[PDB]
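Engineer: Got a sequence here, can you model it:
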Amino acid sequence: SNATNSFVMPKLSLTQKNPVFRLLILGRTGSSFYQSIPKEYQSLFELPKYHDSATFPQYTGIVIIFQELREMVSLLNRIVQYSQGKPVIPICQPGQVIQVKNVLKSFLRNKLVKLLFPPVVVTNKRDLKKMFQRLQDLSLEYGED
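Structural biologist: Numbers count the residues shown, from 1 in each chain. Okay, here it is:
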């Protein structure tokens, strides 16, 4: 398929379009997570370019798929230093919640981060099939694309 790179795809009378919700989903470990997201939803998300820093301001939301405390911390940081209070999504691991959803409080309670997505267990590839549904559907309820 060939294109002119810049191409006019309209909607809403002219080329207006609804606000695009760009969810850059990433993790340190789960970098190939996008590459294991079903094609159905895969189009909605994005991979990093301005790696682990400057690609966070660029997106509607940034997700953090992590499995460990300090994996989250490093990225959770970046969210506020390059944006502050974005719709960010944690894909997390159970048990660790006593530290993981607590160190996050210091950002969450301070409104330095917010979310619209119901967090799932990173090691639970099973729930990704229902997780992504309600990401899609929810964003449909917001009227975003």
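Engineer: alpha carbons only for contacts and neighbour counts from here, please
Structural biologist: Fine.
Engineer: which SS class is the most centrally placed residue in the chain?
Structural biologist: Most central in the chain under Cα atoms, centre = their mean is residue 63, positioned 3.1 Å from the mean C-alpha point. For residue 63, the assignment made with DSSP: H, G, I helix; E, B strand; the rest coil gives strand.
Engineer: If it is in a bridge, with which residues?
Structural biologist: residue 25, residue 89 (DSSP bridges).
Engineer: give the contact list for it.
Structural biologist: Neighbour list for residue 63: 23, 24, 25, 26, 27, 88, 89, 90, 91 [criterion: Cα atoms under 8 Å, 6 or more residues apart in numbering].
Engineer: Might you report the residue contacts of the third one?
Structural biologist: By Cα under 8 Å, 6+ apart, the contact set of residue 25 is 34, 45, 46, 47, 61, 62, 63, 64, 65, 89.
Engineer: before we move on, what about the fifth one?
Structural biologist: Contacts for residue 27 (Cα under 8 Å, 6+ apart) come out as 33, 63, 64, 65, 66, 71, 75.
Engineer: closest to residue 15 among those residues?
Structural biologist: Nearest to residue 15, judged by Cα to Cα, of these is residue 63 at 28.8 Å.
Engineer: hang on, the earlier thing: from residue 103, how far out is the residue nearest to the centre of the chain?
Structural biologist: 16 Å (Cα to Cα, to the nearest Å).
Engineer: Closest to residue 110 out of the contacts of residue 25?
Structural biologist: When the contacts of residue 25 are compared against residue 110 (criterion: Cα to Cα), the nearest one is residue 89, at 15.9 Å.
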